[PDB]
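Notes for the one structure printed next.
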Amino acid sequence: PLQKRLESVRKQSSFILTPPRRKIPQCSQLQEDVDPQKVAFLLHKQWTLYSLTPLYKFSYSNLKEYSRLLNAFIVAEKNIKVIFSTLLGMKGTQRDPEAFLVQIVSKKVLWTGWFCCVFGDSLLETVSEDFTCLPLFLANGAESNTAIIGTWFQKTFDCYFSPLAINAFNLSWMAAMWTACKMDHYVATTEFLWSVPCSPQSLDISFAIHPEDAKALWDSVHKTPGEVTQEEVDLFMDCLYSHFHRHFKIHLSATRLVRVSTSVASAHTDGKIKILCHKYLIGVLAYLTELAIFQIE
Amino acid sequence: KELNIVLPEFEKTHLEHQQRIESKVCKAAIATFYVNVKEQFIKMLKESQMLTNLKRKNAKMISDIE
Amino acid sequence: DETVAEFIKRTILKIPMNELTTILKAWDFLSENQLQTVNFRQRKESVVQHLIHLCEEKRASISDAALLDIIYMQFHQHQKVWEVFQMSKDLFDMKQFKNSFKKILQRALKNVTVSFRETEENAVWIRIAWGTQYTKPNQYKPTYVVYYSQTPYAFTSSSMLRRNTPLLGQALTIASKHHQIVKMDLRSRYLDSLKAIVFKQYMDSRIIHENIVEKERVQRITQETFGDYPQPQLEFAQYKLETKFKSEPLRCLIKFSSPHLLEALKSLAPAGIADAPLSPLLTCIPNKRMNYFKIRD
Amino acid sequence: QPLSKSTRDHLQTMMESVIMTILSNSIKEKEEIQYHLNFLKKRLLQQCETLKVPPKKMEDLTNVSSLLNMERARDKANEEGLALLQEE
DNA sequence: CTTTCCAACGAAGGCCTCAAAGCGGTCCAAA
DNA sequence: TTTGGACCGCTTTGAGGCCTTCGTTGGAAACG
């Protein structure tokens, strides 16, 4: 059945094909079904990433039942309440299932969980009808609450959250991706963070570039319009490294990139995401949505 | 303020009470009551007036001393 | 007074109970018998209540509480960030200096909570609590200034001094009988390392290593640049650069963060990360006595 | 905006005090006059509760006077300091 | 020419976590 | 069989991370 062709497709999945070019996201206003207040609460906040196997027998109707079940589990673990909400307009395609939010309110929200999937169809192409595919989870709150919610979900839907990790290659690619994005209001200078590998804690280089200089350098190293290519990313990194070495005769290339921040969003290797501008928000998710699939497959 | 609205209502209520009542001793007692309460109400209105005046003056001398 | 009582209570709460006895030995405001009446093995609430009883039996004031706060600062001296002021352009006396400083700060607006405490190595420590023309000086936002007699340097903790910086500077320079007072751009948290920097007070023959000349040259250069002595414990650096690309000048801004700088930088060359001779922008941190840098071509 | 609850309770206390005082000097016709005055008080309470005011902050009636005195002293002190400053 | 507010954002007080150690219970060595 | 000793248990608690609040010039906007 689905298992056989799924075996074949992950057999074909080898590190031999060239990395495909990616289309630069364009300035896109928030969708009509998207509530500005809900995303405004979501944006300008820190989120922890989690990859998820597809939900088993998940229904969007019995949300109150889920809320009361989580409340019962929490009180069993022990003036708080659990609220389930349905959020429209942030699905990449019609194939991607509807997204929803879970909140913990102390009768002041303390813990928020977001389940979503944008442009994620390969998982949806290899799944049966019973399952719901929202492999992207964003957590914001206390770690104990996150662990409790994860335990409940493991017991209920037969799934786990895996802490999604981002390497230097992916982080550099996404850095180039958002520095390709056009921002009308440069409200945050781009900034990169590094960490020298050493058992005792050592120097952590932070390198910041003025947004105008960064955009000019990007357009200088921008060849294919509306698209980003591996050669563009490599030359971007090479130019930064050459500038750093010309300044200080220090090979930054022998250091691990750990955090990249720009005007629109910021990412960290451990799985920290900060979002500022809505105009590219959706596209952001799509990119990181691929990483969940790449962790599932 | 609130008092600037409740005093006219108090005046109209006192007027109607005086009109409806017929006893002369009760009329005199109500008149003395009205005089006392009106004096106190206008006194506290003035107190709030110099309250906001003193607040503005305090801000002005704060700017001056700065 | 209740204000001094709660101030002393807060300071005691800041003091770890493991060294409270030493505090008394350094405070000496209360008689030793009163100290003996209190055991330190009992609960924290009990010991603080007994200390409140002891200080209320005597006359609690602001000077003794300020002295206790000063000595707590001495024992910790790690919770604040320090900046360095330089005076320029020969007879000294403690009493008249204190009198002049007190008079100037009283003339500042009307009043200020000023306390003095002489320390070893001519380290006069001054606690200053600021207050406006219509309010008692606040004891929750204090500042500390360290003065060395007959010296061209002074240290200041800048937590809220940005409100009125020139006042403290002019008061200090008039009390020090010095004309010109300037602030060098040097900021750090390890106060003792600042003290040191400102005053300059600091086999299996079968293996055949190749390029050994490079290793012996790089280690020799690193040793000559740094030295066998333990480098001063510096924790933060930041360079603001604006130089031509040569590859409209690019404006760069770097921050080096490290629990122990000058050691990871010492190990960069042996690890091969940077060239054998490091750039002068990193080899003159103790030499130039500079922390914030601006360089142009 | 309706009347502030502190103002309502204060006014009710003053009406209670004045009704007690006006009942003290009344010897005869006690019950009818006290019933009429109670009806008057309740109708006034309803009218003041229903009354609407623009959203202007108005502090407690009894304390404001004291505040003024302190405020006055503050200004005096400020003025004194100002003079001293100018003198310097 | 002046005044007040939004912004840029810096900063430090406060919330929250846990790694540390003393006190307490329990098993086992010794009388 | 009884008593002391040392184990592991438990609670207490000290320190670091971190969010949020306070302060805020500096610019923008209204204006005696």
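Give me the pairs, please: first residue somewhere in the stretch C:102-123 and within 14 Å of chain D (Cβ to nearest Cβ), second residue anywhere and part of a strand (DSSP E or B) and among the polar types (S, T, N, Q), beta-carbon distance under 7 Å, and either six or more positions apart or on two chains.
none
Could we say that B:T13 is under 22 Å from D:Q46 (Cβ atoms), among the polar types (S, T, N, Q) and within 10 Å of chain D (Cβ to nearest Cβ) here? Walk me through how you get there before you give the answer.
Values: under 22 Å from D:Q46 (Cβ atoms): yes; among the polar types (S, T, N, Q): yes; within 10 Å of chain D (Cβ to nearest Cβ): yes.
Judged against the criteria, B:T13 is a match.
Let me confirm something: among C:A5, C:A60, which residue is assigned to a loop (DSSP other than H, G, I, E, B), more than 16 Å from DNA strand F (Cβ to nearest atom), touching a helix residue (DSSP H, G or I) at 6+ places or on another chain (Cβ under 8 Å) and within 18 Å of C:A129 (Cα to Cα)?
Values: C:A5 fails: assigned to a loop (DSSP other than H, G, I, E, B).
Of C:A5, C:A60, the one residue that is assigned to a loop (DSSP other than H, G, I, E, B), more than 16 Å from DNA strand F (Cβ to nearest atom), touching a helix residue (DSSP H, G or I) at 6+ places or on another chain (Cβ under 8 Å) and within 18 Å of C:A129 (Cα to Cα) is C:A60.
Of the residues that make up the stretch C:179-189, is at least one part of a strand (DSSP E or B), within 24 Å of C:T3 (Cα to Cα) and away from DNA strand F (no atom under 16 Å from the Cβ)? Can you show your working first?
From the stretch C:179-189, those part of a strand (DSSP E or B) are C:180-188; that's our starting set.
Checking which are within 24 Å of C:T3 (Cα to Cα) leaves us with none.
Within the stretch C:179-189 (the criterion being part of a strand (DSSP E or B), within 24 Å of C:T3 (Cα to Cα) and away from DNA strand F (no atom under 16 Å from the Cβ)), the answer is no, since none of the residues qualifies.
The rows are residues; the columns are (1) closer than 30 Å to C:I181 by Cα; (2) aromatic (F, W, Y).
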| site | (1), (2) |
| --- | --- |
| C:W27 | no, yes |
| C:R43 | no, no |
| C:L54 | no, no |
| C:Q79 | yes, no |
| C:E83 | yes, no |
| C:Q86 | yes, no |
| C:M94 | yes, no |
| C:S100 | yes, no |
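Need pairs with beta-carbon distance below 6 Å; first residue away from chain B (no Cβ under 14 Å) and within the stretch C:145-160, second part of a loop (DSSP other than H, G, I, E, B) and within 16 Å of DNA strand F (Cβ to nearest atom); sequence gap 6+ or separate chains.
C:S157/C:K80; C:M160/C:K141
Which ones in the stretch B:16-59 are more than 9 Å from every other protein chain (Cβ to nearest Cβ) and not in a helix (DSSP H, G or I)?
Within the stretch B:16-59, B:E22 is the sole residue that qualifies.
Quick check on my filter: what residues within the stretch C:151-165 are hydroxyl-bearing (S, T, Y), near DNA strand E (Cβ under 9 Å from one of its atoms) and either within 16 Å of C:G131 (Cβ to Cβ) or in contact with a helix residue (DSSP H, G or I) (Cβ under 7 Å, 6 or more places away or on another chain) (or both)? Please lay out each step first, then the result.
Taking the stretch C:151-165 first, the residues hydroxyl-bearing (S, T, Y) are C:151, C:153, C:156-159, C:165.
Those left that are additionally near DNA strand E (Cβ under 9 Å from one of its atoms): C:157-159.
C:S159 - this is the single residue of the stretch C:151-165 that is hydroxyl-bearing (S, T, Y), near DNA strand E (Cβ under 9 Å from one of its atoms) and either within 16 Å of C:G131 (Cβ to Cβ) or in contact with a helix residue (DSSP H, G or I) (Cβ under 7 Å, 6 or more places away or on another chain) (or both).
Select from the stretch A:185-232 the residues that are away from chain C (no Cβ under 11 Å) and within 16 Å of DNA strand F (Cβ to nearest atom) and list them in ascending order.
A:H185, A:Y186, A:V187, A:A188, listed by residue number.
Pick out, from the stretch A:101-184, the helices (runs of 4 or more DSSP H) lying fully within it that include 1 or more residues that are more than 30 Å from A:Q26 (Cβ to Cβ).
Numbers: elements: A:122-125, A:143-157, A:168-180.
Result: A:143-157.
Could you check, for the stretch A:75-92, whether at least one of its residues is away from DNA strand F (no atom under 16 Å from the Cβ), surrounded by fewer than 18 Cβ atoms within 10 Å (Cβ to Cβ) and under 16 Å from A:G150 (Cβ atoms)?
yes
Filter the stretch A:21-56 for residues that are within 16 Å of DNA strand E (Cβ to nearest atom) and surrounded by 13 or more Cβ atoms within 10 Å (Cβ to Cβ) and give the result. Before the answer, list the steps.
Step one: filter the stretch A:21-56 for residues within 16 Å of DNA strand E (Cβ to nearest atom), giving A:36, A:40, A:43-46, A:48.
A:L43, A:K45, A:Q46, A:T48, listed by residue number.
Can you give me the number of residues within the stretch D:7-22 that are more than 10 Å from every other protein chain (Cβ to nearest Cβ) and either of a type in the set (S, T, Y) or farther than 20 Å from D:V64 by Cβ (or both)?
4
Is it fair to say A:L43 is within 16 Å of DNA strand F (Cβ to nearest atom) and within 18 Å of the chain's Cα centre (by Cα)? Show your work before the answer.
Values: within 16 Å of DNA strand F (Cβ to nearest atom): yes; within 18 Å of the chain's Cα centre (by Cα): yes.
Criteria met by A:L43.
In the stretch A:241-274, which residue that is within 14 Å of another protein chain (Cβ to nearest Cβ) and outside any helix (DSSP H, G or I) is surrounded by the fewest Cβ atoms within 10 Å (Cβ to Cβ)?
From the stretch A:241-274, those within 14 Å of another protein chain (Cβ to nearest Cβ) are A:241-256, A:258-259, A:261; that's our starting set.
Checking which are outside any helix (DSSP H, G or I) leaves us with A:249-251, A:255-256, A:258-259, A:261.
Working: A:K249: 15, A:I250: 21, A:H251: 15, A:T255: 19, A:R256: 13, A:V258: 19, A:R259: 20, A:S261: 21.
Taking the candidates together, the pick is A:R256.
For neighbour counting, all protein chains shown are included, and Cβ atoms are generated from backbone atoms with ideal geometry for every residue, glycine included. The numbers here are math on the coordinates, done by the rules we state, and not lab data.
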